[PDB]
Each structure stands twice: as structure tokens, then as C-alpha cells.
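Scroll down for the structure; my scribbles are underneath it.
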Amino acid sequence: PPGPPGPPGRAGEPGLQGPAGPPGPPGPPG
Amino acid sequence: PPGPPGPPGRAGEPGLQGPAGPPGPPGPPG
Amino acid sequence: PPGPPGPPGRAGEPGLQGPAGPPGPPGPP
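Written as C-alpha cells, this is what we have:
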């Protein structure tokens with residue numbers, strides 16, 4: 001009498017955007 | 101008769117956080 | 201009686217790459 005398990009769930013949300021990158025290199029000398 | 105199937109499962113875990121951004125624009129001259 | 205709820209879905213896609221970093225430090229003199 002107990003039925004089979006239901007269908008699988010949906011694939012999860014896409015992940016959070018990554019953090020901002022490092023600062024660019026220091027500029028050339030003045 | 102056997103019971104009906106269960107409901108659909110839960111959604112998967114969200115994706116991992118993406119990679120870090122590229123380096124910022126280069127610094128200006130000194 | 202109805203069956204147990206289905207298994208969990210697969211994990212999500214990884215996230216987008218972050219934005220560009222801060223503007224670089226100005227150079228030496």
C-alpha cells in the first residue's frame with residue numbers, strides 16, 4: 001500500500017556572484 | 101492497490117559563489 | 201498512503217565571476 005517516493009526535486013539556484021577582484025597594479029612612476 | 105507516488109522532492113542546494121573578478125584598471129601615472 | 205517526498209534536486213550552477221576590482225593605486229613620483 002505505501003506508494004513509491006516522489007520524483008526528484010529541481011536543480012538548485014545559480015550561485016552568488018563572486019567577490020570583486022583585487023585592485024589593478026600600481027601605475028608607472030611620475 | 102499501492103498508494104500514489106509522493107510529491108516532488110526539494111530543490112537542490114544553490115551553486116557555489118563564483119570566482120573573484122579580474123583586477124581593476126591599472127593605476128594612473130604618479 | 202502516498203509515498204515519501206522525492207530526493208533533492210542537484211546542486212545549482214556556480215555563480216558569475218565578480219566585478220572588476222578597484223582602480224589601481226597611482227604610481228610613485
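Protein chains in written order, with the numbering used here: chain X, 1 to 30; chain L, 101 to 130; chain P, 201 to 229. We put the beta carbon where it would ideally sit given N, CA and C, even for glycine.
Check	Outcome
Taking only the alpha-carbon atoms, compute the straight-line gap between X/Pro4 and P/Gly221 and give it to the nearest angstrom.	52 Å
Roughly how many whole angstroms lie between the Cα atoms of P/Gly212 and X/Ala11?	6 Å
Please tell me whether L/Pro107 has its Cβ less than 9 Å away from any Cβ of chain P.	yes
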